[PDB]
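Inspection log for the structure reproduced underneath, given as structure tokens.
By written order: A, B, C, D, E, F, G, H and I. Residues from 1 in each chain.
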């Protein structure tokens, strides 16, 4: 995900090298930028 | 392609070790040298 | 391309209006996780140094891009050049703990020593700006102690940012900002 | 084998004309990517050295074979012997950047330090000769700085060459060029 | 050996010709790049010949006499105006050079399209054949004809600060009249752009 | 394209100077013109501006009302009329050409001005 | 025996940006669950596309006021991310940390004047190599757009990326006298009763805007 | 425990030509698309086969003029890539960076004279071990070709690679008195009215020409 | 992190007869073909069996 160049598996368990995430129960800004209006608001001529 | 002696895969991703090429849309000189005319221009005798 | 500016809805006009053609983009270098993963220097203190991402200078590439998000999360990698035995302590542990070899301790091995540290704070995500100038003591990755530390580096891993904030450039006096660029 | 010389079309006559037989060729050693991949020495400057392939001497094997192509592309590997911390900077970045440890920095580890660097220039392919004596500042791989650099080497990777140019040998005074060849 | 070359509404005809030499490629590379955002356009009316004088080739010229001509040059036609109305251009060159003595003259010429020509060394001329070329041998042909694409480190170039191609004409053998030939030979060139494309209109002077 | 300042010198407080700047190498009536001043030991600061038409100007606050900028397109020159001079105003005064709201690029060498008190 | 190996010279020295991970000291911690917090952004460009910011003009105000005189040039400035006008934007905020960019930069205009005032404007792009235009009639030959005031208060104009090389430097080299990327010019065609009325301008990344090669320049 | 290993002596020292790659510092950059640019060459020999270049003769001219006298030897020189005649060629340009070669070297002849002049020439190969021939009648026993002027102005002759060892040194050793690869000799059989008329000569690699063992000799 | 390792003592010292190969410096050369030359012997005893010598 970040800057990592190893094509082989990390020697240490995923549980050590990193902190383990938990769950409960570009996300916003890319979903915002994808809705940008590229059109023309008025009638086109020629 | 160049001078490289490793029979095993490079430890780092191809994306790091090298710069990634892009596309758009010996090539010339070998295709030139392959068209050289080896023949005789005039009639052969003996 | 006309619209109502007061809407605040994003409107991106394109070159096809007057007959251009939009090209292809490759944005890898602006990716948050990519751009923030690297070492940045922090001026150490002789013995005890609390690991804090806000100690990075604001004008550095890692410092500035950090401060543009109110709420950030990431692991930490440190690179330290020190004398003696570098002792690390998790968040919220007493200062009297740094003197115990039982806590993680890296015996001196030249030239320097690199560690990887987890996100140890109790808060679900940390913050660059806090409304309450000071930031709460609970924002830190812990501290490190050694006989003396010559250099200290921070490298963020798995960075995640939220709620962007202003990012400022240098304000020129003339019409442009003219710097000497590397040339042969 | 007679033909019209003014045609400029390549004409290669063979030994079979007078009754010889053409043999087998193995050209690996003249391959562009193969022959240009190796280290060549460049006289450094005490602190800041802009990475440029034209700094290689013109008579060296890597220098000469480089200059025979107008348009060249390749990655770069450097091998540096230096004091202090070697700091690298990408193309077109300000000179004031070389003082930041955030930029790629290799802490001193004896005897020397080897890096691999990508092709960082904006131009699709670089050039050995430019019509505009000077070459544009945008041709470079960036620069490196250290307290002092004792030696510097360049190694090209994935080399690609275009539009060949003259390659000259030493002009003898006598009928031959006579050198002392290694002998027991 | 008759050859007729038509560019635009202009033509040229040569009864003594050795054919065409295609430099470095048979056809242009990709015209539409990421750098222009697709705002480039092709100018059709700009493709056509224009004529210029080179020099006078006389017996006194020894081996090594050379004449540089940088392209594009000062052009008063449509192609010249483009250079002032557009900040980015590209094009290929179709070059033709003509030196007419009679068939009793002797000596030979070498014409070449040399990309990025800066201060070629005297010894470097012996290898000058590496570039696209044709020999003009008055024994045989009066005409040399060369076609080359657009080359450069950029996909579009700014012809004010950069001239990619340089036409060079070198004397490989000195002239000899032998009393039946022309006393001297004048060298002319007939050149047309090809595949011109432009972008980035300037404002005007008013 | 090169600029040359002139009209500098020495003066005492309350005095006045008229600086002169000549332009060369291209059309002067297409450029905006402005002055910068570097006081010794301080970084260089902005002064004043004039549009090519001579219509619009802008003045630094400290120099606002004390100084008056004017250009002559016929004479290919621009003028800064300094009035009510004050020992702070001691500085080297750079003549600048340019396009942008601040004129910026194409600087002259600047002239020395020292007001004494 | 045991598996032999060769310790290679010039390898292993620490690299601040290197792509490899530290050896974990202290394991088995769990994070407090943070899932689906509001306002997340994974890329610093997306926040640049979705949130335009103000420019900078004389008097240090992010707007330009209509003017009545023979001078119709409303504002004129270099196209660069090092410009003084762009300096306050967020977009020119990220630039200082990257060497090169490509793609479109969008400008947003919003007319602030009262309902009884009407004006008509022209934005234009002057490519490099010639002095930029001082009059709308001179600029009319460039790439330009033209709009006027009405029900909609906002106009958006995409400034093309047009250059020889596929990328362009963010910083402005000191040896560069004239801008390499050319200028953009904003004109006032005419105005009904618009004297003293303000036009605020904004800038944000376009669709194809791309930014690469991070560098720490100080700043 | 942990996987044991043995750091071996005499390994790991840096080698300028070594076949391995540096550790990447700075990732995720994309190149501007360069695909299908004109005039590419992937091998420095192909440009040597497809682009012949001039030789070097007395008076520093790349041609030899017909002569009227009892002396029919037009030009004579060693077969080596270190010769003075070859020195200006591109082919002898690459040689200086390689130790050894094998294969055929082609020579191109083009008669420049006027249409009313006719000549007839002889090229011949004199192998080593005996003095090279001073007269065409003496050379007629060697390997040779013979051609004359006419409609076609150009002749091409392949000089064989003939040697004891499968490869031959490019450089010429100082302790070598007489060329190891022998000589090539160019004669003028006769000429109609050809006095003062020039013959330009060219040289380029053959089909089987092969060049190996790169070395940096200075030069 | 990165794959850890232990540099072991008493290993790695050079051995004149050791069974391992040097790191190649200079590649892509081809030999002149020597196949089926006369009088080859791959083992120094076979020449001792087939060629008696004097006392």
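A few notes on this one:
By our rule, a residue touches a chain if its C-beta (ideal position, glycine included) is under 8 Å from a C-beta of that chain, and two chains touch if they have at least 3 such contacts.
Considering the contact criterion stated above, the chains in touch with chain A and with chain I alike are B, G, H. Homomeric contact chain G/chain H: same residue numbering on both sides for under half of the interface positions.
A comparison of C-alpha centroids places D closest to the centre of the full protein. The interface holding more C-beta pairs in contact, when D-E is weighed against A-C, is D-E. Once the centre of each chain is set as its mean CA position, chain F and chain G turn out to be 31 Å apart. A separation of 68 Å divides the Cα centre of chain F from that of chain H.
Averaged Cα coordinates give chain G a centre that lies 65 Å from the centre of chain I.
Mean C-alpha positions place chain A and chain B at a centre distance of 39 Å. Along chain B, residues 3, 5, 10, 12, 15-19, 22, 24-25, 28-29, 32-33, 36, 38, 41 each make contact with two or more other chains. Residues of chain H found to touch two or more other chains are 4-8, 11, 14, 17, 19-43, 45, 47, 49-53, 56, 87-88, 90, 93, 110, 151-153, 202, 207, 212-214. For chain C, the set of residues touching two or more other chains reads 1-3, 10-15, 17-18, 20, 22-24, 26, 28-29, 31, 33-34, 37-40, 60-62, 111-112, 116, 118-119, 153, 157, 164, 172-176, 178-181, 183. Across the interface of their complex, chain E is touched by residues 24-25, 28 of chain B.
Here chain C touches chain A in the complex through residues 1-3, 9-14, 17, 33-34, 36-38, 75, 116, 118-119, 157-159, 164, going by the rule given at the top. Every residue of chain D that touches chain E in the complex is listed here, in rising order: 4-9, 70-71, 123-127, 129-133, 162-168, 171.
Residues of chain F touching chain G in their complex: 26-27, 30, 51-53, 55-56, 58, 99-102, 105-106. Per the touch definition, chain A reaches chain H in the complex via residues 3, 5.
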